[PDB]
Every structure is written in structure tokens, then in C-alpha cells.
>>> print(open('upload-v2.cif').read())   # mmCIF, N, CA and C atoms
data_start
#
loop_
_atom_site.label_atom_id
_atom_site.label_comp_id
_atom_site.auth_asym_id
_atom_site.auth_seq_id
_atom_site.Cartn_x
_atom_site.Cartn_y
_atom_site.Cartn_z
N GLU A 120 -26.83 -10.91 28.09
CA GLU A 120 -27.91 -10.01 27.70
C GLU A 120 -27.92 -8.77 28.58
N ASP A 121 -28.02 -8.96 29.90
CA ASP A 121 -27.95 -7.86 30.86
C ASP A 121 -26.48 -7.49 31.03
N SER A 122 -26.02 -6.56 30.19
CA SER A 122 -24.63 -6.13 30.20
C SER A 122 -24.47 -5.01 31.22
N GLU A 123 -23.73 -5.29 32.29
CA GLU A 123 -23.54 -4.33 33.36
C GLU A 123 -22.37 -3.40 33.05
N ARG A 124 -22.20 -2.39 33.90
CA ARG A 124 -21.09 -1.45 33.88
C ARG A 124 -21.02 -0.61 32.61
N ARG A 125 -22.07 -0.64 31.78
CA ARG A 125 -22.11 0.10 30.52
C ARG A 125 -20.88 -0.24 29.69
N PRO A 126 -20.85 -1.41 29.06
CA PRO A 126 -19.64 -1.88 28.37
C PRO A 126 -19.02 -0.83 27.45
N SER A 127 -17.70 -0.73 27.50
CA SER A 127 -16.87 0.18 26.71
C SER A 127 -17.12 1.65 27.02
N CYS A 128 -17.96 1.96 28.01
CA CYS A 128 -18.29 3.32 28.43
C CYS A 128 -18.45 4.28 27.26
N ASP A 129 -19.16 3.84 26.22
CA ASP A 129 -19.47 4.64 25.03
C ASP A 129 -18.23 5.02 24.23
N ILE A 130 -17.12 4.32 24.43
CA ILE A 130 -15.94 4.52 23.59
C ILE A 130 -16.10 3.69 22.32
N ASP A 131 -15.89 4.32 21.17
CA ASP A 131 -16.24 3.72 19.88
C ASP A 131 -15.05 3.04 19.21
N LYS A 132 -13.96 3.77 18.99
CA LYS A 132 -12.96 3.22 18.09
C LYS A 132 -11.60 3.06 18.76
N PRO A 133 -10.84 2.05 18.36
CA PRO A 133 -9.42 1.99 18.71
C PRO A 133 -8.60 2.82 17.73
N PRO A 134 -7.27 2.80 17.81
CA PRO A 134 -6.46 3.40 16.74
C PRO A 134 -6.83 2.81 15.39
N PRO A 135 -6.59 3.55 14.30
CA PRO A 135 -7.15 3.17 12.99
C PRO A 135 -6.86 1.74 12.55
N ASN A 136 -5.59 1.36 12.49
CA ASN A 136 -5.18 0.07 11.95
C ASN A 136 -4.17 -0.61 12.87
N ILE A 137 -4.51 -0.67 14.16
CA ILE A 137 -3.68 -1.36 15.15
C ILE A 137 -3.42 -2.81 14.76
N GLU A 138 -4.22 -3.37 13.85
CA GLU A 138 -3.97 -4.72 13.36
C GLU A 138 -2.63 -4.81 12.63
N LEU A 139 -2.23 -3.74 11.94
CA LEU A 139 -0.90 -3.71 11.33
C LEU A 139 0.18 -3.67 12.40
N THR A 140 -0.08 -2.99 13.52
CA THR A 140 0.87 -3.00 14.62
C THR A 140 0.99 -4.39 15.22
N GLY A 141 -0.11 -5.15 15.22
CA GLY A 141 -0.06 -6.53 15.68
C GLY A 141 0.69 -7.46 14.75
N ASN A 142 0.93 -7.05 13.51
CA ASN A 142 1.61 -7.90 12.54
C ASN A 142 3.09 -8.06 12.87
N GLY A 143 3.64 -9.20 12.46
CA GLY A 143 5.05 -9.47 12.65
C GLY A 143 5.91 -8.70 11.66
N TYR A 144 7.20 -9.04 11.68
CA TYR A 144 8.19 -8.38 10.83
C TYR A 144 9.27 -9.36 10.42
N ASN A 145 9.73 -9.24 9.18
CA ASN A 145 10.86 -10.00 8.67
C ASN A 145 11.95 -9.03 8.23
N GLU A 146 13.20 -9.40 8.48
CA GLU A 146 14.33 -8.50 8.27
C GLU A 146 15.05 -8.73 6.94
N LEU A 147 15.31 -9.98 6.58
CA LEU A 147 16.08 -10.27 5.37
C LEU A 147 15.25 -10.15 4.10
N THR A 148 13.92 -10.12 4.20
CA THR A 148 13.06 -10.01 3.04
C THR A 148 12.38 -8.66 2.91
N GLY A 149 12.41 -7.82 3.95
CA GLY A 149 11.77 -6.53 3.89
C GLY A 149 10.26 -6.55 3.80
N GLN A 150 9.64 -7.72 3.89
CA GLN A 150 8.19 -7.86 3.81
C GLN A 150 7.63 -8.23 5.17
N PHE A 151 6.52 -7.60 5.54
CA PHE A 151 5.91 -7.84 6.83
C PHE A 151 5.26 -9.22 6.88
N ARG A 152 4.86 -9.62 8.09
CA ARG A 152 4.27 -10.94 8.29
C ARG A 152 2.92 -10.84 9.00
N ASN A 153 2.39 -11.98 9.44
CA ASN A 153 1.03 -12.06 9.93
C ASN A 153 0.91 -11.48 11.34
N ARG A 154 -0.34 -11.25 11.75
CA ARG A 154 -0.64 -10.76 13.08
C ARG A 154 -0.33 -11.83 14.13
N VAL A 155 0.47 -11.46 15.12
CA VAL A 155 0.93 -12.38 16.16
C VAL A 155 0.45 -11.94 17.54
N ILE A 156 0.66 -10.67 17.88
CA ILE A 156 0.28 -10.13 19.18
C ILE A 156 -1.09 -9.50 19.05
N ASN A 157 -2.05 -10.00 19.84
CA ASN A 157 -3.42 -9.50 19.81
C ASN A 157 -3.46 -8.16 20.53
N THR A 158 -3.20 -7.09 19.78
CA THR A 158 -3.29 -5.74 20.32
C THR A 158 -4.73 -5.27 20.48
N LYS A 159 -5.69 -5.98 19.89
CA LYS A 159 -7.10 -5.62 20.01
C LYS A 159 -7.69 -5.96 21.38
N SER A 160 -6.90 -6.54 22.28
CA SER A 160 -7.38 -6.85 23.62
C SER A 160 -7.74 -5.57 24.36
N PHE A 161 -8.45 -5.74 25.47
CA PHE A 161 -8.80 -4.61 26.33
C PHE A 161 -8.58 -4.87 27.81
N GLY A 162 -8.59 -6.12 28.27
CA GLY A 162 -8.39 -6.43 29.67
C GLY A 162 -9.46 -5.87 30.58
N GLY A 163 -10.53 -5.32 30.00
CA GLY A 163 -11.57 -4.67 30.77
C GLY A 163 -11.25 -3.23 31.11
N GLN A 164 -9.96 -2.91 31.20
CA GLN A 164 -9.50 -1.58 31.57
C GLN A 164 -9.62 -0.66 30.36
N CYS A 165 -10.72 0.07 30.30
CA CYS A 165 -10.94 1.02 29.21
C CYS A 165 -10.02 2.23 29.39
N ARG A 166 -9.10 2.41 28.44
CA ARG A 166 -8.14 3.51 28.46
C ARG A 166 -8.57 4.52 27.40
N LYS A 167 -9.25 5.58 27.83
CA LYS A 167 -9.84 6.56 26.93
C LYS A 167 -8.79 7.61 26.56
N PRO B 148 -14.52 -6.04 17.13
CA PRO B 148 -14.49 -4.78 16.37
C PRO B 148 -13.33 -4.74 15.39
N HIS B 149 -13.57 -4.10 14.24
CA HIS B 149 -12.56 -3.94 13.21
C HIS B 149 -12.82 -2.63 12.49
N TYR B 150 -11.80 -1.78 12.41
CA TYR B 150 -11.93 -0.44 11.86
C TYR B 150 -11.00 -0.25 10.66
N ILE B 151 -11.58 0.16 9.54
CA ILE B 151 -10.85 0.47 8.31
C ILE B 151 -11.49 1.71 7.70
N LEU B 152 -10.76 2.82 7.69
CA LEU B 152 -11.23 4.08 7.10
C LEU B 152 -12.54 4.54 7.74
N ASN B 153 -12.52 4.65 9.07
CA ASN B 153 -13.67 5.11 9.85
C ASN B 153 -14.93 4.29 9.57
N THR B 154 -14.76 3.07 9.08
CA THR B 154 -15.88 2.18 8.78
C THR B 154 -15.71 0.89 9.56
N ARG B 155 -16.78 0.46 10.21
CA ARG B 155 -16.76 -0.72 11.07
C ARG B 155 -16.96 -1.96 10.20
N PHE B 156 -15.98 -2.86 10.20
CA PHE B 156 -16.01 -4.05 9.36
C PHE B 156 -16.06 -5.31 10.21
N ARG B 157 -16.30 -6.43 9.52
CA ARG B 157 -16.40 -7.75 10.14
C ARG B 157 -15.31 -8.65 9.58
N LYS B 158 -14.58 -9.31 10.47
CA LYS B 158 -13.58 -10.29 10.06
C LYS B 158 -14.20 -11.68 10.09
N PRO B 159 -14.27 -12.39 8.96
CA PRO B 159 -14.87 -13.74 8.98
C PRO B 159 -14.00 -14.75 9.72
N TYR B 160 -14.49 -15.98 9.84
CA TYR B 160 -13.80 -17.00 10.62
C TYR B 160 -12.61 -17.60 9.88
N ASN B 161 -12.57 -17.51 8.55
CA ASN B 161 -11.48 -18.11 7.79
C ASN B 161 -10.32 -17.16 7.53
N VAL B 162 -10.55 -15.85 7.57
CA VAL B 162 -9.52 -14.87 7.27
C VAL B 162 -8.75 -14.55 8.55
N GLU B 163 -7.42 -14.67 8.48
CA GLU B 163 -6.58 -14.39 9.64
C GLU B 163 -6.46 -12.89 9.89
N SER B 164 -6.14 -12.13 8.85
CA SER B 164 -5.96 -10.69 8.98
C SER B 164 -6.05 -10.05 7.61
N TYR B 165 -6.80 -8.95 7.52
CA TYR B 165 -6.97 -8.18 6.28
C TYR B 165 -6.70 -6.72 6.62
N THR B 166 -5.44 -6.30 6.48
CA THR B 166 -5.02 -4.96 6.83
C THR B 166 -4.64 -4.18 5.59
N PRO B 167 -5.19 -2.99 5.39
CA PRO B 167 -4.79 -2.17 4.24
C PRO B 167 -3.35 -1.69 4.40
N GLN B 168 -2.55 -1.90 3.36
CA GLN B 168 -1.15 -1.50 3.34
C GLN B 168 -0.93 -0.48 2.23
N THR B 169 -0.04 0.48 2.48
CA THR B 169 0.17 1.56 1.52
C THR B 169 0.98 1.06 0.32
N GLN B 170 2.24 0.69 0.56
CA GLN B 170 3.08 -0.03 -0.40
C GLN B 170 2.99 0.51 -1.82
N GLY B 171 3.42 1.75 -2.04
CA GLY B 171 3.30 2.35 -3.35
C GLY B 171 4.61 2.69 -4.03
N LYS B 172 4.83 2.13 -5.22
CA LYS B 172 6.01 2.47 -6.01
C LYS B 172 5.65 2.40 -7.49
N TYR B 173 5.96 3.47 -8.22
CA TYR B 173 5.72 3.55 -9.66
C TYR B 173 7.03 3.90 -10.36
N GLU B 174 7.21 3.38 -11.57
CA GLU B 174 8.36 3.71 -12.40
C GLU B 174 7.89 4.26 -13.74
N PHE B 175 8.62 5.24 -14.26
CA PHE B 175 8.26 5.90 -15.52
C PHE B 175 9.54 6.13 -16.31
N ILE B 176 9.71 5.40 -17.41
CA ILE B 176 10.91 5.47 -18.24
C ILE B 176 10.50 5.95 -19.62
N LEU B 177 10.96 7.14 -20.00
CA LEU B 177 10.67 7.73 -21.29
C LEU B 177 11.93 7.74 -22.16
N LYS B 178 11.76 7.46 -23.44
CA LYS B 178 12.86 7.43 -24.39
C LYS B 178 12.62 8.45 -25.50
N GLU B 179 13.68 9.17 -25.87
CA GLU B 179 13.64 10.09 -27.00
C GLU B 179 14.93 9.94 -27.79
N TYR B 180 14.81 9.80 -29.11
CA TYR B 180 15.96 9.56 -29.96
C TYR B 180 15.61 9.97 -31.39
N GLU B 181 16.54 10.66 -32.04
CA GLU B 181 16.37 11.11 -33.41
C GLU B 181 17.70 10.97 -34.15
N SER B 182 17.61 10.77 -35.47
CA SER B 182 18.79 10.61 -36.31
C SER B 182 18.56 11.34 -37.62
N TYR B 183 19.55 12.12 -38.04
CA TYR B 183 19.49 12.90 -39.27
C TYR B 183 20.62 12.49 -40.21
N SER B 184 20.36 12.60 -41.51
CA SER B 184 21.35 12.27 -42.52
C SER B 184 21.03 13.03 -43.80
N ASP B 185 22.06 13.61 -44.42
CA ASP B 185 21.89 14.37 -45.64
C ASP B 185 23.10 14.14 -46.55
N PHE B 186 22.84 14.14 -47.85
CA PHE B 186 23.90 13.96 -48.84
C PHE B 186 23.52 14.71 -50.11
N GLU B 187 24.51 15.37 -50.71
CA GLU B 187 24.31 16.12 -51.94
C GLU B 187 25.60 16.08 -52.75
N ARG B 188 25.46 15.95 -54.07
CA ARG B 188 26.62 15.84 -54.95
C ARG B 188 26.28 16.52 -56.27
N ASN B 189 26.81 17.73 -56.47
CA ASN B 189 26.72 18.43 -57.75
C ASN B 189 27.94 18.10 -58.60
N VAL B 190 27.70 17.80 -59.88
CA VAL B 190 28.76 17.47 -60.83
C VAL B 190 28.44 18.16 -62.15
N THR B 191 29.40 18.94 -62.66
CA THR B 191 29.23 19.64 -63.93
C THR B 191 30.55 19.60 -64.69
N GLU B 192 30.46 19.32 -65.99
CA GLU B 192 31.63 19.24 -66.86
C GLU B 192 31.29 19.83 -68.22
N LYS B 193 32.21 20.62 -68.76
CA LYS B 193 32.03 21.25 -70.06
C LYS B 193 33.33 21.20 -70.84
N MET B 194 33.21 20.94 -72.14
CA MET B 194 34.37 20.86 -73.02
C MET B 194 34.00 21.41 -74.39
N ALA B 195 34.87 22.25 -74.94
CA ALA B 195 34.64 22.86 -76.24
C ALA B 195 35.94 22.90 -77.03
N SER B 196 35.86 22.57 -78.32
CA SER B 196 37.02 22.56 -79.20
C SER B 196 36.61 23.08 -80.56
#
>>> encode(input="upload-v2.cif", output="C-alpha cells")
Amino acid sequence: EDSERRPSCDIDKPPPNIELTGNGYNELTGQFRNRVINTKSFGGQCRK
Amino acid sequence: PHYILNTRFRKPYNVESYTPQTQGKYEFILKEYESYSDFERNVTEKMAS
């Protein structure tokens, strides 16, 4: 409830569709695959 | 947080990932064909004796 350090320092949005960047890739079928790497992480380190 | 077209969305617990993909391909095949045919035969014969 008492959120210290002003979470996210008033930063609103990530890149538009980084979820597609998190998605996998297939080579022999040319069709993409599911999200594997959680690019939506932040590690606390707000990079503005 | 989830962002789609400058709009903040919610991902439910059952959906793994819902990402908008462009993936656009259209095909347009038009056909044109015409055929003409004409025939005419004039025949005239006269005999007098």
C-alpha cells in the first residue's frame, strides 16, 4: 500500500509491442512462436 | 502492464500472449476472354434458253 520511491517514476509506457519481441521464432515453417523471454521485466532499474 | 495501440489492456490468467500481427497478403486474379465468329455464303445461278 505504502509504495515508496515513487514507483516507475511516472514513466507510463514500454515499447509498443515488446511482447512480439519476446515471442520465439521457427525457421523451417516461417511462422513465429509463443512468448519465451519475459522482456516486460524491469529489475527495478527504470531506464527512461 | 500491456500496451496495444496506445491503449492499456489486461491479460487474463488463461491467455498466454495476445499480440497484434500485421501478416497481410491479398491476391487478385482477373480474367478477360472473347471469341468472334462470322460466316456468309452468297449463291446465285441463272439459266436461259
>>> closest_atom_pairs(input="upload-v2.cif", of="chain B", to="chain A", cutoff="6 Å", atoms="all atoms listed in the file", output="JSON lines")
{"residue": "B:150", "atom": "C", "partner": "A:135", "partner_atom": "C", "distance": 5.0}
{"residue": "B:151", "atom": "N", "partner": "A:135", "partner_atom": "C", "distance": 5.8}
{"residue": "B:166", "atom": "CA", "partner": "A:139", "partner_atom": "N", "distance": 5.9}
>>> atom_distance(input="upload-v2.cif", atom1="atom CA of residue A:127", atom2="atom CA of residue A:163")
8.3 Å
>>> atom_distance(input="upload-v2.cif", atom1="atom CA of residue B:171", atom2="atom N of residue A:155")
23.2 Å
>>> closest_residue(input="upload-v2.cif", among="A:143, A:152, A:157, A:165", to="residue A:126", atoms="only C-alpha atoms")
A:165
>>> atom_distance(input="upload-v2.cif", atom1="atom CA of residue B:148", atom2="atom CA of residue A:128")
15.0 Å
>>> axis_aligned_box(input="upload-v2.cif", around="stretch 149-156 of chain B", padding_each_side="8 Å", output="lines of an AutoDock Vina configuration file")
center_x = -13.9
center_y = -0.1
center_z = 10.7
size_x = 22.2
size_y = 26.4
size_z = 23.1
>>> select_by_dssp(input="upload-v2.cif", residues="chain B", states="strand (DSSP E)", output="MDAnalysis selection string")
chainID B and resid 150:151 154:155
